[PDB]
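Undergrad: This structure is in C-alpha coordinates; I'll ask about it shortly.
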Amino acid sequence: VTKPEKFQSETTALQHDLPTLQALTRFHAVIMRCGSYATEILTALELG
Amino acid sequence: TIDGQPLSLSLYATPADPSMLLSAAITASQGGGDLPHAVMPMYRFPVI
(Lines give C-alpha, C1' and ligand atoms only; values in the text may rest on other atoms or scores of the structure.)
Protein backbone atom coordinates (compact mmCIF):
# COMPACT_ATOMS: atom_id res chain seq x y z
CA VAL A 1 0.00 0.00 0.00
CA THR A 2 2.62 2.54 1.07
CA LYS A 3 5.37 1.64 -1.43
CA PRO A 4 3.75 0.03 -4.49
CA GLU A 5 7.15 0.26 -6.19
CA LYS A 6 8.19 -2.81 -4.19
CA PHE A 7 5.27 -4.69 -5.76
CA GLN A 8 6.15 -3.64 -9.31
CA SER A 9 8.38 -0.80 -10.47
CA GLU A 10 5.76 0.36 -13.00
CA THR A 11 2.64 0.29 -10.81
CA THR A 12 2.84 3.33 -8.42
CA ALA A 13 -0.83 2.78 -7.40
CA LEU A 14 -2.01 -0.62 -6.18
CA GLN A 15 -5.08 -1.45 -8.23
CA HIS A 16 -8.29 -3.35 -7.54
CA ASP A 17 -7.80 -5.52 -10.60
CA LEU A 18 -7.68 -9.25 -11.20
CA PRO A 19 -3.96 -9.25 -12.19
CA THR A 20 -3.15 -7.37 -8.99
CA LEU A 21 -5.18 -9.96 -7.08
CA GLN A 22 -3.39 -12.84 -8.79
CA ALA A 23 0.03 -11.30 -8.16
CA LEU A 24 -0.98 -10.70 -4.54
CA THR A 25 -1.82 -14.40 -4.34
CA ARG A 26 1.55 -15.48 -5.73
CA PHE A 27 3.34 -12.96 -3.48
CA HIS A 28 1.60 -14.32 -0.39
CA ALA A 29 2.32 -17.86 -1.58
CA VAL A 30 6.05 -17.18 -1.94
CA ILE A 31 6.17 -15.44 1.45
CA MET A 32 4.36 -18.32 3.15
CA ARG A 33 6.67 -20.74 1.35
CA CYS A 34 9.61 -18.88 2.90
CA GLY A 35 8.45 -20.19 6.27
CA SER A 36 10.71 -19.34 9.21
CA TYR A 37 12.51 -16.56 7.33
CA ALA A 38 9.32 -14.91 6.04
CA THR A 39 9.50 -11.81 8.22
CA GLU A 40 13.19 -11.43 7.37
CA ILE A 41 12.44 -11.63 3.64
CA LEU A 42 9.66 -9.08 4.09
CA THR A 43 11.77 -6.62 6.05
CA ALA A 44 14.64 -7.11 3.61
CA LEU A 45 12.29 -6.23 0.77
CA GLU A 46 11.21 -3.24 2.87
CA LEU A 47 14.74 -1.99 2.33
CA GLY A 48 16.81 -2.78 -0.74
CA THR B 1 5.74 -61.81 -29.93
CA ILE B 2 3.87 -63.70 -32.63
CA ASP B 3 0.73 -61.92 -31.40
CA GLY B 4 2.29 -58.46 -31.29
CA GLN B 5 2.68 -58.26 -27.54
CA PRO B 6 6.11 -56.99 -26.48
CA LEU B 7 8.67 -59.23 -24.82
CA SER B 8 10.38 -56.50 -22.79
CA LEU B 9 8.20 -55.01 -20.07
CA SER B 10 7.45 -51.31 -19.75
CA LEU B 11 9.09 -48.63 -17.64
CA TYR B 12 7.15 -47.51 -14.56
CA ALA B 13 7.93 -43.88 -13.79
CA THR B 14 7.78 -42.76 -10.17
CA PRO B 15 4.88 -40.41 -9.31
CA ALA B 16 5.58 -37.13 -7.54
CA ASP B 17 5.45 -37.13 -3.76
CA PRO B 18 2.86 -34.96 -1.98
CA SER B 19 4.58 -31.79 -0.81
CA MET B 20 4.39 -30.44 2.72
CA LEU B 21 2.44 -27.20 3.02
CA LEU B 22 4.11 -24.31 4.83
CA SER B 23 2.66 -21.27 6.56
CA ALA B 24 4.20 -18.32 8.37
CA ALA B 25 3.23 -15.52 10.73
CA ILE B 26 4.74 -12.26 9.57
CA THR B 27 4.86 -9.66 12.32
CA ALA B 28 4.52 -5.90 12.51
CA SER B 29 6.15 -3.24 14.68
CA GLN B 30 4.28 -0.01 15.36
CA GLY B 31 5.61 2.85 17.45
CA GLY B 32 5.08 3.23 21.15
CA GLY B 33 3.08 5.78 23.07
CA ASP B 34 4.85 9.10 23.45
CA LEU B 35 4.29 11.27 26.49
CA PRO B 36 2.00 14.32 26.16
CA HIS B 37 2.47 17.74 27.73
CA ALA B 38 2.07 17.91 31.51
CA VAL B 39 -0.26 20.46 33.11
CA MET B 40 -0.06 21.50 36.74
CA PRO B 41 -3.37 21.10 38.62
CA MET B 42 -4.68 22.90 41.69
CA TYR B 43 -4.94 20.03 44.16
CA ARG B 44 -2.32 18.56 46.43
CA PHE B 45 -0.46 15.30 45.96
CA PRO B 46 -2.82 12.79 47.71
CA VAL B 47 -5.85 14.26 45.93
CA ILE B 48 -4.27 14.12 42.49
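Scheme for the C-alpha coordinates: letters A, B, ... for chains in order shown; per-chain residue numbers from 1; ligand numbers from 1 in order shown.
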At a cut-off of 12 Å, list the chain A residues touching chain B, using only C-alpha atoms, as a PyMOL selection string.

TA: chain A and resi 28-43

Undergrad: Output as an NGL selection string all residues of chain A that backbone DSSP marks as alpha helix (DSSP H).

TA: :A and (18-34 or 38-46)

Undergrad: Rounded to one decimal place, report the CA of residue 3 in chain A-CA of residue 27 in chain A distance in Å.

TA: 14.9 Å

Undergrad: Report the distance between CA of residue 35 in chain B and CA of residue 47 in chain B in Å, rounded to one decimal place.

TA: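 Going from CA of residue 35 in chain B over to CA of residue 47 in chain B, I get 22.1 Å.
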
Undergrad: Would you compute the distance between CA of residue 1 in chain A and CA of residue 47 in chain A? Give it in Å to one decimal.

TA: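 So the answer is 15.1 Å.
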